[PDB]
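J.: experimental structure and sequence below.
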Amino acid sequence: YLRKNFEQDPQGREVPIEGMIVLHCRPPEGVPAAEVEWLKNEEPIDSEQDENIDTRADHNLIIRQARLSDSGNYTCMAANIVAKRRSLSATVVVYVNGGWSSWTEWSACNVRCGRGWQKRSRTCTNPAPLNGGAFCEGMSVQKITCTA
Amino acid sequence: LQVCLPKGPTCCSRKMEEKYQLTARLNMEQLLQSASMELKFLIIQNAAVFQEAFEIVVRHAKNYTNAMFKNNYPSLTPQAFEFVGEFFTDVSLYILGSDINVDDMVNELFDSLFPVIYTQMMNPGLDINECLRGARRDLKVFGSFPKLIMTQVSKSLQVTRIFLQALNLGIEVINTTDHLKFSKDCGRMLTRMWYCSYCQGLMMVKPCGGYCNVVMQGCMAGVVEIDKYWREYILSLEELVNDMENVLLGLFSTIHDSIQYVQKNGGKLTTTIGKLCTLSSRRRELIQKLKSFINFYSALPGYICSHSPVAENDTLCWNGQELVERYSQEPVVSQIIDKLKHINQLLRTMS
Ligand SMILES: *[C@@H]1O[C@H](CO)[C@@H](O)[C@H](O)[C@H]1NC(C)=O
Ligand SMILES: *[C@@H]1O[C@H](CO)[C@@H](O)[C@H](O)[C@H]1NC(C)=O
Ligand SMILES: *[C@@H]1O[C@H](CO)[C@@H](O)[C@H](O)[C@H]1NC(C)=O
Ligand SMILES: *[C@H]1O[C@H](CO)[C@@H](O)[C@H](O)[C@@H]1O
């Protein structure tokens, strides 16, 4: 006998580019023991194909770096001699935080005599936000008054 | 010693070998930066200009909407300024990559706009506000205008958002290139090619062109693999440029026509409610200048050898260990390729 209700469905997670995430899965009660298989976007994943992904004896999908295994709808599926059962798909999205760039050089004073301007740019590219990452916090331009 | 193969005696110790290794690191980083500087400054300039230009467009469109409200519907001010400011603030927040729902922007705009229209224009004379907000959507008072604006602005704002993120990620990968750390074996090979001749007492001897070729094709085996994805990135950006200024600037006319449309059925509406309650030039020049750097990753080892001191003739040259008459003969790169694949899929889908 194989049950419909999964003991513990995989949870969707937000993980940075370097973060590591473990997707837990407890198959439903059944004799014999349910064979857990992971499917990324309704397609099976090969643990031997990549060092970053490995399948554990206790049905867990561990990802060390969010680079070698990017976002997707990971779904846990239990197979048995009776039938197969699909768990609730976890929406794993890898999010990249905004990071400030160095202060560029000060521009020349536009006005030759009297009140002038000097600019310094600061772009949000180290690192640039990805897959809806938080944008850089604060100002992007710096302006100072100069007297030539 | 661990780098300089000692064939005879040697004029340098192990610490001088470490100094030569660090100078080799600095020379490689300087050469890569010099190779990448023109492209980096091109993309930085364009990113800055497009960002400021989009912010100027959004500010000017908010200004024009506020001015047309001041001129045509003074009865709706100053509440009109609040919801217009909130709408265009959410517009800018969406452009800069924040999680904003475009349909929700338009729906909150019309939800805030309808009650003041009813109280000041249709039925002159705070607690009943939510009943009006519900009746706005339940009776479809604005007709197809909200969905028209919804699609009109979502289509342009999505392409603009992804354009800015693509420019920023290109800046990111180009900044990574000259900061690409290499293997230790490559460090020792570059130290041998550039400096280990000094340990053998030679003053002006340069390494062989062929030795530079084997060394560079040795440690750039991973970096050259980026070329496919960089080419696909360039071509997908070209696919995307072939839009947001016209839409945001006609928003005021569209809103005015929607207000006229609602006022057109005021007779039935009031009784029922009383009862119930130079940009395109820039992106073209950017793409035409960016296509000149499509060979950037494939021509990079050729650049390093053609800009490093080498004996092109392969005669009386340094082969890494002795003066010869003739020469005999991932992780960070993986991240670059991951982000390029991501941005390329994102680009191609907007097409
Ligand atoms: C994952 O679930 C979402 C729910 O909106 C759906 O849009 C999407 O098609 C699914 N798969 C992928 C590839 O995004
Ligand atoms: C709107 O445009 C007019 C035109 O002169 C200007 O006087 C006014 O300051 C502008 N308002 C805003 C908020 O930009
Ligand atoms: C690369 O980004 C880093 C941020 O720390 C910055 O220090 C550096 O100046 C940038 N690169 C170039 C080549 O200008
Ligand atoms: C950029 O701004 C400051 C450094 O000046 C920090 O709060 C942080 O590292 C941010 O990304």
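T.: On my side now, so go ahead. Residues are numbered from 1 along each chain as shown, chains lettered A, B, ... in the order given. Ligands and ions are numbered 1, 2, ... in the order given.
J.: from here on, just use CA atoms for contacts and neighbour counts.
T.: Fine.
J.: I'd like the next helix or strand past the strand or helix carrying residue B:325.
T.: Assigned by DSSP states H and E, residue B:325 belongs to strand B:323-326. Note on strand B:323-326: by DSSP H and E, the next helix or strand toward the C-terminus is helix B:331-349.
J.: what does chain A put close to ligand 3?
T.: For chain A, the contact set with ligand 3 under CA under 6 Å from any ligand atom comprises A:101, A:102, A:126.
J.: list the contacts of the first one.
T.: Right, residue A:101. Residues near residue A:101 by CA atoms under 8 Å, 6 or more residues apart in numbering or on different chains: A:122, A:123, A:124, A:125, A:126.
J.: try the second one
T.: Contacts were defined as CA under 8 Å, 6+ apart; by that measure residue A:102 touches residue A:122.
J.: so for chain A, the centremost residue is which one?
T.: Centroid-nearest residue in chain A, with CA atoms, centre = their mean: residue A:94, separated by 1.2 Å.
J.: how much space separates that residue from residue A:62?
T.: 14 Å (CA to CA, to the nearest Å).
J.: show me what from chain B comes close to ligand 3.
T.: B:33, B:175.
J.: residue of chain B closest to ligand 3, please.
T.: residue B:175 (4.6 Å; CA to the nearest ligand atom).
J.: and that residue, that's in a strand?
T.: No - according to DSSP: H, G, I helix; E, B strand; the rest coil, residue B:175 belongs to no strand; its state is helix.
J.: that one: neighbouring residues, count only.
T.: Here the number of neighbours of residue B:175 (other CA atoms under 10 Å in any protein chain shown) works out to 19.
J.: just give me the neighbour total for the residue nearest to it when sequence neighbours are not counted.
T.: Closest residue to residue B:175 apart from its sequence neighbours, by CA to CA, 6 or more residues apart in numbering or on different chains: residue B:40 at 7.2 Å. Using other CA under 10 Å, residue B:40 has 17 other residues around it.
J.: which SS state does residue B:40 fall under?
T.: Three-state call for residue B:40 (three-state DSSP): helix.
J.: mind listing what it touches?
T.: Applying CA under 8 Å, 6+ apart, we find residue B:40 in contact with B:171, B:174, B:175.
J.: ok, it to residue B:324 distance?
T.: Residue B:40 is 39 Å from residue B:324, by CA to CA.
J.: with residue B:239 instead?
T.: To residue B:324, residue B:239 is 52 Å away according to CA to CA.
J.: who has more neighbours out of these two?
T.: Using other CA under 10 Å, the more surrounded residue of residue B:239 and residue B:324 is residue B:324, with 16 against 13.
J.: adding secondary structure, write the residues of chain A next to ligand 3 out as TSV.
T.: Shown next, in TSV, are these (three-state DSSP):
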residue	secondary structure
A:101	coil
A:102	coil
A:126	coil
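J.: nearest to residue B:148, of these?
T.: Using CA to CA, residue A:126 comes nearest to residue B:148 of the residues of chain A next to ligand 3, at 38.0 Å.
J.: residues contacting the residue in the stretch 1-150 of chain B that chain A sits nearest to?
T.: Residue nearest to chain A within the stretch 1-150 of chain B: residue B:97 (5.9 Å; CA to the nearest CA). Shown in contact with residue B:97 (CA under 8 Å, 6+ apart): A:129, A:132, A:133, A:134, A:135, B:161, B:165.
J.: and the two most separated of those residues?
T.: A:134 and B:161, at 13.7 Å, using CA to CA across the contacts of residue B:97.
J.: and the contacts of the strand holding residue B:325?
T.: Residues contacting strand B:323-326 (CA under 8 Å, 6+ apart): B:314, B:315, B:316, B:317, B:318.
J.: please point out which parts of stretch B:154-161 sit buried.
T.: Across stretch B:154-161, burial judged by 16 or more other CA atoms under 10 Å in any protein chain shown covers B:154, B:156, B:157, B:158, B:159, B:160, B:161.
J.: would you mind naming what in chain B lies close to chain A?
T.: Residues of chain B found near chain A (CA under 8 Å from any CA of the partner chain) are B:48, B:96-99, B:165, B:168-169, B:171-172, B:334-335, B:338.
J.: so among these, which ones count as buried?
T.: Here, 16+ other CA under 10 Å leaves B:48, B:96, B:97, B:98, B:165, B:168, B:169, B:171, B:172, B:334, B:335, B:338 buried among those.
J.: could you find the closest non-adjacent residue to the first one?
T.: Among residues not flanking residue B:48 along the chain, residue A:123 sits closest, at 7.7 Å (CA to CA, 6+ apart).
J.: give me the number of residues near that neighbour?
T.: 23.
J.: who's in contact with it?
T.: So residue A:123 contacts A:100, A:101, A:140, B:48 (CA under 8 Å, 6+ apart).
J.: that one and residue A:85, how far apart?
T.: Residue A:123 is 49 Å from residue A:85, where distance means CA to CA.
J.: does residue B:316 sit in a helix, a strand or a coil?
T.: Going by three-state DSSP: residue B:316 is strand.
J.: how close does it sit to residue B:207?
T.: In terms of CA to CA, residue B:316 sits 9 Å off from residue B:207.
J.: and what of residue B:125?
T.: 91 Å.
J.: okay, those two: which has more neighbours?
T.: residue B:207 (29 against 7).
J.: tell me if I'm right that the more buried one and residue B:317 touch.
T.: Yes - using CA atoms under 8 Å, residue B:207 makes contact with residue B:317 at a distance of 5.2 Å.
J.: show me the common contact partners of those two, please.
T.: residue B:311.
J.: quick one: contacts for residue B:338?
T.: By CA under 8 Å, 6+ apart, the contact list for residue B:338 reads A:67, A:68.
J.: verify the stated contact: residue B:238 with residue B:287.
T.: Yes - counting by CA under 8 Å, residue B:238 does reach residue B:287; the two are 6.3 Å apart.
J.: sounds good, over and out.
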